[PDB]
Amino acid sequence: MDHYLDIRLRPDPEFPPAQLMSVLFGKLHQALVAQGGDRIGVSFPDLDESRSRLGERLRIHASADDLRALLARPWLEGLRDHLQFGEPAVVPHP
RNA sequence: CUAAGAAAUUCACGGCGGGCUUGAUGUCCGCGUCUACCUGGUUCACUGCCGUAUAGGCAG
């Protein structure tokens, strides 16, 4: 649905951009056994072929049921009351 | 416009016969190498996934 958020360009000391930033995008999910939910979306906005690089930042739109129905068990929570949600984003008409 | 501008060294050939280098010797004696660290950077193609032509069932 609409409820997609992007964070701004902050350096993260937990994720090295060396060998796994274009490999592990949906690998920790259970979509390879497919016992529960099966909806996941994979996208790549960034097609830039200059020199020895294709794709380096994260913007990958998943489904609508996965954040709402599959997350009845704690798997992505804990980071609830960190910041206040601001003005909402629109779904792009072009 | 250059101490400018020029240029054939060439032919031939037996180095070779012989030989005792020896004898002797104490290297010793002492010694604290230490402290720390993500190879989470691209560090050979190991027998059981239906056909280069853009075409086909990956509970790895």
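The analysis underlying the following values was restricted to heavy atoms, covering all of them including side chains, and did not include hydrogens, waters or symmetry mates. Each chain gets a letter, A, B and so on, in the order the sequences are listed, and its residues count up from 1.
The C1' atoms of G57(B) and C49(B) are separated by 11 Å, rounded to the nearest whole Å. Rounded to whole Å, the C1' atom of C34(B) lies 24 Å from the corresponding atom of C38(B). Taking atom P on both nucleotides, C50(B) is separated from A59(B) by 13 Å, rounded to a whole Å. Between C16(B) and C20(B), the distance separating the two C1' atoms is 23 Å to the nearest Å. Comparing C44(B) with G48(B), their P atoms are spaced 24 Å from each other, to the whole Å. Between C58(B) and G51(B), the distance separating the two P atoms is 13 Å to the nearest Å. The P atoms of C31(B) and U27(B) are separated by 22 Å, rounded to the nearest whole Å. Look at the P atom in both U22(B) and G26(B): the space between them is 23 Å, to the nearest Å.
Contact check for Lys27(A) versus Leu32(A): side-chain heavy atoms found under the 4.5 Å cut-off.
The residue among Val33(A) and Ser52(A) whose nearest nucleotide of RNA chain B lies closer to the 5′ end is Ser52(A).
As a whole-Å value, the separation of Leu24(A) CG from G40(B) P is 16 Å. Between the NZ atom of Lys27(A) and the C1' atom of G60(B) there is a distance of 8 Å, rounded to whole Å. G40(B) atom P lies 11 Å from atom CG of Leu20(A), rounded to whole Å. Between the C1' atom of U42(B) and the CG atom of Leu54(A) lies a distance of 16 Å, rounded to the nearest Å. Distance CZ (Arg53(A)) to P (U42(B)): 13 Å, rounded to an integer number of Å. In this entry the distance linking CD of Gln30(A) with P of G60(B) reads 14 Å, nearest Å.
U39(B) takes the anti form, because its glycosidic angle lies more than 90° either side of 0. Anti is the glycosidic conformation of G26(B), whose angle departs from 0 by more than 90°.
Judged by ring-centre distance under 5.5 Å and interplanar angle under 30°, strand neighbours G30(B) and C31(B) are stacked. Under the 5.5 Å centre and 30° plane thresholds, the six-membered base rings of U43(B) and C44(B) are judged not to be stacked. Legend: unstacked base step between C46(B) and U47(B); six-membered ring centres and planes not within 5.5 Å and 30° respectively. For the consecutive pair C37(B)/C38(B), the pyrimidine-type rings do not sit with centres less than 5.5 Å apart and planes less than 30° apart, so they do not qualify as a stack. Stacking annotation: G18(B) and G19(B) stacked (six-membered ring centroids under 5.5 angstrom, interplanar angle under 30°).
More than 12 heavy atoms of other residues, nucleotides or ligands sit less than 6.0 Å from atom CZ of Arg53(A). Taking a 6.0 Å sphere around CD1 of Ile7(A), one finds it holds 12 or fewer heavy atoms contributed by other residues, nucleotides or ligands. No more than 12 heavy atoms of other residues, nucleotides or ligands lie within 6.0 Å of CD in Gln35(A), so this atom counts as exposed by the packing criterion. Within a 6.0 Å sphere centred on CG of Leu20(A), other residues, nucleotides and ligands contribute more than 12 heavy atoms.
A negative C1'-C2'-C3'-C4' torsion places the sugar of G26(B) in the south, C2'-endo-side range. Judged by the sign of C1'-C2'-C3'-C4', the sugar at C44(B) is north, the angle being positive. The pentose of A4(B) belongs to the north class of puckers. Its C1'-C2'-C3'-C4' angle has a positive sign. A negative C1'-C2'-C3'-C4' torsion places the sugar of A8(B) in the south, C2'-endo-side range. Judged by the sign of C1'-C2'-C3'-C4', the furanose ring of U39(B) adopts a north, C3'-endo-like conformation.
A salt bridge does not link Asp66(A) with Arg39(A): none of the charged nitrogens is closer than 4.0 Å to a carboxylate oxygen.
Pairs passing the side chain to side chain donor-acceptor pair (under 3.5 Å) check and including a residue from residues 77-93 of chain A, sequence neighbours excluded, do not occur.
In this structure, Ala31(A) and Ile40(A) approach most closely via the heavy-atom pair CB-CG2, 4.4 Å.
Within residues 6-18 of chain A, the residues approached by RNA chain B to less than 4.0 Å at the level of any non-hydrogen atom are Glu14(A), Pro16(A), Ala18(A), in residue-number order.
In this structure a side-chain-to-backbone donor-acceptor pair under 3.5 Å is missing from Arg10(A) to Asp12(A).
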